[PDB]
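A.B. asks: Here it is: the structure, laid out below.
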Amino acid sequence: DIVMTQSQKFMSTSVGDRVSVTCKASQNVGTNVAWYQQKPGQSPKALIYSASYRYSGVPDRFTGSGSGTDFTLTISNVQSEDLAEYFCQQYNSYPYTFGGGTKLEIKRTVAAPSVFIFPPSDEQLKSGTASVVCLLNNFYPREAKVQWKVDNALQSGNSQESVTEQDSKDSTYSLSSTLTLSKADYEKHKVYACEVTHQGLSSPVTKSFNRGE
Amino acid sequence: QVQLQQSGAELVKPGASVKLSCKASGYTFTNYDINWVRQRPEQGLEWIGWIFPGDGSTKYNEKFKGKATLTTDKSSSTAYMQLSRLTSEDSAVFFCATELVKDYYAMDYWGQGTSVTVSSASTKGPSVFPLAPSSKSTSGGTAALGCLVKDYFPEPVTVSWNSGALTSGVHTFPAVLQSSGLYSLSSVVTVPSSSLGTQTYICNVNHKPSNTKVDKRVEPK
Ligand SMILES: CCC(=O)N(c1ccccc1)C1CCN(CCc2ccccc2)CC1
């Protein structure tokens with residue numbers, strides 16, 4: 001049993017501010033701590049080694065520090081590119097061990113979603129099933145509510161949605177929702193609509209289309 | 001330039017084994033350790049071990065004895081990790097990594113990871129459907145279009161646009177798990193509406209476990 005612990009699981013900061021994550025070490029490790037940055041779907045990238053200085057090409061925003069058992073990664077002048085999960089690691093003694101990870105969240109101004117809707121393709125309909133997609137593009141904050149209405153009847157139980165990670169350039173989110181019906185049920189109804197509520201919208205936004213176009 | 005290229009995604013029966021590979025290039029393979037790391041989103045990062053390709057020596061994390069076995073082929077500058085006795089709890093992304101230190105300046109390099117899904121279910125390749133641009137997917141002269149990558153198992157699919165030439169404005173969403181146990185995924189991109197008649201938009205979907213490759217052209221309607 002040897003462990004490294006980061007107290008903050010989530011950290012929140014604005015662009016241009018300084019932030020720092022704490023990593024505590026169970027035993028004396030001295031210089032031999034490393035720090036990593038990871039973005040979703042990507043490999044980790046090392047930021048700091050010797051607990052105190054930075055890998056080639058890492059910018060000066062990142063300063064590591066610590067003595068023996070208490071370590072901090074500090075990020076000055078935080079950028080939207082800095083949105084990532086951050087890990088400490090000890091390489092002093094085996095087995096090598098990482099911390100639990102600290103996710104950086106970027107606070108920014110409210111941004112309303114651009115709302116788009118896609119009818120099913122003819123190729124999918126030939127397979128006997130119909131998917132309608134509702135896309136909410138680049139919005140903030142993350143909280144958004146999507147309601148599917150078919151012939152103005154509120155649907156439930158027949159849809160699924162997913163939200164992106166926070167964007168590395170504009171710190172927004174995007175959300176995709178799919179309403180999935182059989183071809184037979186799809187043809188029983190005329191109007192397909194998704195209704196979006198979001199803090200940036202003074203009133204709900206509805207995108208809709210008539211089946212048969 | 002240094003590159004670590006890892007093998008494709010895997011589906012493996014419980015209790016069975018699979019060999020992951022990590023092909024190195026751009027440097028003297030025999031002069032630096034290859035390190036291997038496991039990442040499970042439900043637990044975090046774990047170091048598996050290192051192997052030195054010059055003499056084949058290894059240092060394993062005690063927890064992976066009998067689960068992992070590291071080897072290298074210096075002839076092809078390739079490192080390998082044999083995974084065996086996998087439980088359904090062992091599904092993970094596995095990374096290989098190496099570090100070059102010169103005059104105590106250090107630079108790390110990582111493979112892109114290999115997803116290993118441990119399950120008894122059979123693999124299924126995706127159906128790929130266009131999300132056509134239309135008046136209902138336009139805003140301020142931009143047009144949204146996409147692909148719906150539906151009914152596949154296991155994760156992951158890799159989706160690209162125009163063989164990688166199109167990356168700005170792409171959102172490839174996290175997949176959702178359907179009642180059937182199959183996954184579905186959306187990939188969308190925003191482009192100028194003015195140029196819809198002259199540009200071609202093709203989503204390239206690849207799913208290694210079923211050896212499925214689809215290039216789907218997305219046309220307005
Ligand atoms: C779990 C993997 C791991 O622990 N590492 C790693 C990371 C990426 C790829 C390969 C291995 C360590 C990264 C830090 N280096 C520090 C070396 C050093 C110390 C003092 C001065 C100059 C250089 C040691 C290996």
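To be explicit about the labels: the chains of the structure tokens are called A, B, and onward in the order shown, and within each one the residues are counted from 1, while ligands get numbers from 1 in the order they are shown.
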Could you list, as a ChimeraX atom specification, all residues that come within 8 Å of ligand 1? Count only C-alpha atoms and all ligand atoms.
C.D. replies: /A:31-34,45-46,49-50,89-91,96-98 /B:33-37,46-47,49,97-99,101,104-110
A.B. asks: Atoms to include: N, CA and C atoms. Write the selected residues as a short mmCIF file (atom, residue, chain, number, x, y, z; two decimals), in the first residue's frame.
C.D. replies:
data_model
loop_
_atom_site.label_atom_id
_atom_site.label_comp_id
_atom_site.auth_asym_id
_atom_site.auth_seq_id
_atom_site.Cartn_x
_atom_site.Cartn_y
_atom_site.Cartn_z
N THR A 31 12.06 14.87 -4.95
CA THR A 31 11.85 15.43 -6.28
C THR A 31 10.96 14.57 -7.15
N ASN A 32 10.80 13.29 -6.83
CA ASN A 32 10.38 12.31 -7.83
C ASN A 32 8.85 12.20 -7.93
N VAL A 33 8.21 13.34 -8.22
CA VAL A 33 6.79 13.41 -8.55
C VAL A 33 6.65 14.00 -9.95
N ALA A 34 5.66 13.51 -10.70
CA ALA A 34 5.35 14.00 -12.04
C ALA A 34 3.89 14.46 -12.09
N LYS A 45 -0.54 13.65 -21.17
CA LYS A 45 0.66 14.37 -21.57
C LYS A 45 1.33 14.91 -20.32
N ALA A 46 2.62 14.65 -20.17
CA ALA A 46 3.33 15.08 -18.97
C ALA A 46 3.60 16.57 -19.01
N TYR A 49 8.13 17.34 -14.22
CA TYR A 49 8.90 16.26 -13.61
C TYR A 49 9.85 16.89 -12.60
N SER A 50 10.50 16.03 -11.80
CA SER A 50 11.27 16.48 -10.64
C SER A 50 10.42 17.33 -9.70
N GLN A 89 1.76 12.02 -9.81
CA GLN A 89 2.29 10.66 -9.80
C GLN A 89 3.61 10.66 -9.05
N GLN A 90 3.89 9.57 -8.33
CA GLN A 90 5.20 9.35 -7.75
C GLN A 90 5.92 8.24 -8.50
N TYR A 91 7.19 8.49 -8.82
CA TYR A 91 8.06 7.52 -9.46
C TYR A 91 9.29 7.23 -8.61
N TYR A 96 4.72 2.26 -9.20
CA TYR A 96 4.41 3.66 -9.46
C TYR A 96 2.91 3.91 -9.31
N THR A 97 2.54 5.06 -8.75
CA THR A 97 1.13 5.34 -8.46
C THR A 97 0.74 6.76 -8.83
N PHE A 98 -0.46 6.90 -9.39
CA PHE A 98 -1.06 8.17 -9.79
C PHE A 98 -2.09 8.62 -8.75
N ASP B 33 13.06 2.82 -21.83
CA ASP B 33 11.99 1.95 -21.36
C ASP B 33 10.71 2.18 -22.16
N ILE B 34 9.93 1.12 -22.33
CA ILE B 34 8.51 1.24 -22.65
C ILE B 34 7.73 1.02 -21.35
N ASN B 35 6.89 1.98 -20.99
CA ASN B 35 6.00 1.86 -19.85
C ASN B 35 4.59 1.58 -20.34
N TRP B 36 3.83 0.80 -19.57
CA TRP B 36 2.44 0.51 -19.88
C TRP B 36 1.55 0.99 -18.73
N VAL B 37 0.37 1.51 -19.07
CA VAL B 37 -0.56 2.11 -18.12
C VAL B 37 -1.96 1.62 -18.45
N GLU B 46 -3.47 3.54 -13.67
CA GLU B 46 -2.61 2.58 -12.98
C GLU B 46 -1.41 2.23 -13.85
N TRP B 47 -0.23 2.23 -13.24
CA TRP B 47 0.99 1.78 -13.91
C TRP B 47 1.10 0.26 -13.85
N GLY B 49 3.74 -1.66 -15.64
CA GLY B 49 5.13 -2.10 -15.60
C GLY B 49 5.95 -1.38 -16.65
N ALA B 97 3.77 4.04 -23.26
CA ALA B 97 4.43 5.33 -23.19
C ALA B 97 5.93 5.13 -23.10
N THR B 98 6.67 6.12 -23.60
CA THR B 98 8.12 6.15 -23.46
C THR B 98 8.55 7.59 -23.25
N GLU B 99 9.73 7.76 -22.67
CA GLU B 99 10.29 9.06 -22.36
C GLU B 99 11.75 9.10 -22.77
N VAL B 101 15.18 11.28 -22.33
CA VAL B 101 15.85 12.29 -21.53
C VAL B 101 17.22 12.54 -22.14
N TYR B 104 19.24 15.86 -19.23
CA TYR B 104 18.18 16.00 -18.23
C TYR B 104 16.99 16.83 -18.71
N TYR B 105 16.94 17.21 -19.99
CA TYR B 105 15.68 17.62 -20.60
C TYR B 105 14.87 16.38 -20.96
N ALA B 106 13.63 16.29 -20.48
CA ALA B 106 12.79 15.11 -20.69
C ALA B 106 11.63 15.42 -21.63
N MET B 107 11.28 14.45 -22.47
CA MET B 107 10.08 14.52 -23.30
C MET B 107 9.39 13.17 -23.31
N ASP B 108 8.10 13.15 -22.98
CA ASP B 108 7.30 11.94 -23.00
C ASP B 108 6.57 11.78 -24.33
N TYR B 109 6.32 10.52 -24.70
CA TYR B 109 5.53 10.18 -25.88
C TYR B 109 4.60 9.03 -25.53
N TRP B 110 3.35 9.12 -25.98
CA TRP B 110 2.32 8.15 -25.64
C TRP B 110 1.70 7.57 -26.91
#
A.B. asks: Using only C-alpha atoms and a cut-off of 9 Å, which residues of chain A sit close to chain B? Please list them as a PDB file with C-alpha atoms, in the first residue's frame.
C.D. replies:
ATOM      1  CA  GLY A  41     -10.392  10.616 -25.591  1.00  0.00           C
ATOM      2  CA  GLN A  42      -6.704  11.596 -25.591  1.00  0.00           C
ATOM      3  CA  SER A  43      -3.567  10.132 -24.061  1.00  0.00           C
ATOM      4  CA  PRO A  44      -2.045  11.774 -20.974  1.00  0.00           C
ATOM      5  CA  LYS A  45       0.662  14.375 -21.570  1.00  0.00           C
ATOM      6  CA  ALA A  46       3.326  15.077 -18.972  1.00  0.00           C
ATOM      7  CA  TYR A  49       8.902  16.260 -13.613  1.00  0.00           C
ATOM      8  CA  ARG A  54       8.435  21.288 -16.967  1.00  0.00           C
ATOM      9  CA  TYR A  55       8.692  19.014 -19.993  1.00  0.00           C
ATOM     10  CA  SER A  56       9.949  20.527 -23.238  1.00  0.00           C
ATOM     11  CA  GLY A  57       7.340  22.691 -24.955  1.00  0.00           C
ATOM     12  CA  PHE A  87      -2.950  13.894 -12.200  1.00  0.00           C
ATOM     13  CA  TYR A  94       7.514   0.780  -6.948  1.00  0.00           C
ATOM     14  CA  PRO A  95       4.777   0.242  -7.815  1.00  0.00           C
ATOM     15  CA  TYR A  96       4.415   3.664  -9.460  1.00  0.00           C
ATOM     16  CA  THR A  97       1.134   5.339  -8.455  1.00  0.00           C
ATOM     17  CA  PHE A  98      -1.063   8.170  -9.786  1.00  0.00           C
ATOM     18  CA  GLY A  99      -3.499  10.450  -7.987  1.00  0.00           C
ATOM     19  CA  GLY A 100      -7.260  10.290  -8.439  1.00  0.00           C
ATOM     20  CA  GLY A 101      -7.418  13.208 -10.888  1.00  0.00           C
ATOM     21  CA  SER A 114     -28.184  26.899 -31.508  1.00  0.00           C
ATOM     22  CA  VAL A 115     -30.877  24.258 -32.048  1.00  0.00           C
ATOM     23  CA  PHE A 116     -30.977  22.008 -35.120  1.00  0.00           C
ATOM     24  CA  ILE A 117     -33.182  19.014 -35.997  1.00  0.00           C
ATOM     25  CA  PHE A 118     -32.624  16.139 -38.456  1.00  0.00           C
ATOM     26  CA  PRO A 119     -35.347  13.857 -39.882  1.00  0.00           C
ATOM     27  CA  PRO A 120     -34.610  10.156 -40.446  1.00  0.00           C
ATOM     28  CA  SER A 121     -32.737   9.112 -43.565  1.00  0.00           C
ATOM     29  CA  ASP A 122     -34.488   7.073 -46.233  1.00  0.00           C
ATOM     30  CA  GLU A 123     -31.851   4.357 -45.778  1.00  0.00           C
ATOM     31  CA  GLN A 124     -32.745   3.966 -42.100  1.00  0.00           C
ATOM     32  CA  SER A 131     -34.439   8.073 -35.649  1.00  0.00           C
ATOM     33  CA  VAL A 133     -31.932  13.818 -33.979  1.00  0.00           C
ATOM     34  CA  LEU A 135     -28.705  19.008 -31.820  1.00  0.00           C
ATOM     35  CA  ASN A 137     -24.716  23.432 -30.378  1.00  0.00           C
ATOM     36  CA  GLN A 160     -31.570   9.151 -25.457  1.00  0.00           C
ATOM     37  CA  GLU A 161     -29.152  12.085 -25.175  1.00  0.00           C
ATOM     38  CA  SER A 162     -25.461  12.822 -24.607  1.00  0.00           C
ATOM     39  CA  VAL A 163     -23.410  15.978 -23.926  1.00  0.00           C
ATOM     40  CA  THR A 164     -19.880  16.775 -25.082  1.00  0.00           C
ATOM     41  CA  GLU A 165     -16.943  17.531 -22.882  1.00  0.00           C
ATOM     42  CA  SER A 174     -23.047  20.679 -27.127  1.00  0.00           C
ATOM     43  CA  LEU A 175     -25.839  18.126 -26.744  1.00  0.00           C
ATOM     44  CA  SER A 176     -27.264  15.486 -29.087  1.00  0.00           C
ATOM     45  CA  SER A 177     -30.647  13.835 -28.470  1.00  0.00           C
ATOM     46  CA  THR A 178     -32.099  10.964 -30.527  1.00  0.00           C
ATOM     47  CA  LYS A 207     -37.409  23.183 -33.835  1.00  0.00           C
ATOM     48  CA  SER A 208     -39.890  21.075 -35.792  1.00  0.00           C
ATOM     49  CA  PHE A 209     -40.608  19.506 -39.172  1.00  0.00           C
TER      50      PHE A 209
END
A.B. asks: Could you jot down the CA of residue 32 (chain B) to CA of residue 73 (chain B) separation for me, Å, one decimal place?
C.D. replies: 13.7 Å
A.B. asks: Given only C-alpha atoms as the basis, pick out the residue of A:104, A:1, A:58, A:53 nearest to residue 13 (chain A).
C.D. replies: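 Smallest distance to residue 13 (chain A) is found for A:104.
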A.B. asks: From a DSSP calculation on the backbone, collect every residue of region 38-128 of chain B in strand (DSSP E or B) and output the set as an MDAnalysis selection string.
C.D. replies: chainID B and resid 38:40 44:51 58:60 65 68:73 78:83 92:102 105:110 114:118 124 127:128
